[PDB]
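Both blocks below hold the same protein chain, though in two forms, and each is given as C-alpha cells: structure 1 and structure 2.
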Structure 1
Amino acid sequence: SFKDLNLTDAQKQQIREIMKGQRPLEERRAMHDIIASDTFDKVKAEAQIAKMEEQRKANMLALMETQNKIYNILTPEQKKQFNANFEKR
C-alpha cells in the first residue's frame, strides 16, 4: 500500500509536478575488488564506502524532499495511512 492511498486526480497531477522537481556501477566494481581478494583490506573498504558520499547525499536529499512534498498534498485520512505504512516498514 506504500503507494495505495486513494489518490485524487489533482494529487496524481501534483505528484507529477513533484517528481519533475526531483528526477552505482563503478562502485559495485570497487566492492567486487575488495571482496575477491585473499585478505580483507578494511582501510580500502572504508575508502570505497566513502567515495560516493556526496552523490549519495544529493540522492537521499531529493528523495526525502520528494516524500515530504507528497506527504503534504495528502488529506488527514491519507496522512494517517501513509504514517501507519511508514511504521510497518
Structure 2
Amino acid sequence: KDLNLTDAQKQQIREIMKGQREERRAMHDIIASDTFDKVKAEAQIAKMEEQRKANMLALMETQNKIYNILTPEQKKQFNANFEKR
C-alpha cells in the first residue's frame, strides 16, 4: 500500500475491511488414513469450494471497494502493483 493514502482514505479503508467480517480436521483424517479414499477426497474438495467461494467473493469485493476510493494516479499505481504481486 505505497499509494500515498489520504487519512480520509485509510478511514474509508478500515470501514471497508471491518465490513468484510473445522474443514481442516477432515483433511487431516484423509491424509492420515491407511488408504487413500478418492471419493471421500473428492467430497472434501467439493466442500472446500463453498468456503473458497465465500472467501474469494469477500476478497474481491473488498479490493474493488478500495480501488474505487482511489484517484486516477493511485489506481494506475494499484494496477501496476497488482501486476507484480
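Between two forms, the rigid core is the largest collection of C-alphas that superpose within 1.5 Å. Please note that residue numbering is based on structure 1, beginning with 1 at the start of its sequence. Only residues modelled in both forms are compared.
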(message) Would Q55 count as moving between the two structures, using a Cα shift of 2 angstroms or more after superposing the core as the test?
(response) no
(message) Rigid core superposed, CA of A36 - does it shift 2 Å or more between the two structures?
(response) yes
(message) Core-aligned, what does the C-alpha of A84 shift between the two structures, expressed in angstrom?
(response) 1.2
(request) With the core superposed, could you pull out the runs of three or more residues whose CA atoms all shift by at least 2 Å between the two structures? (result) 26-51
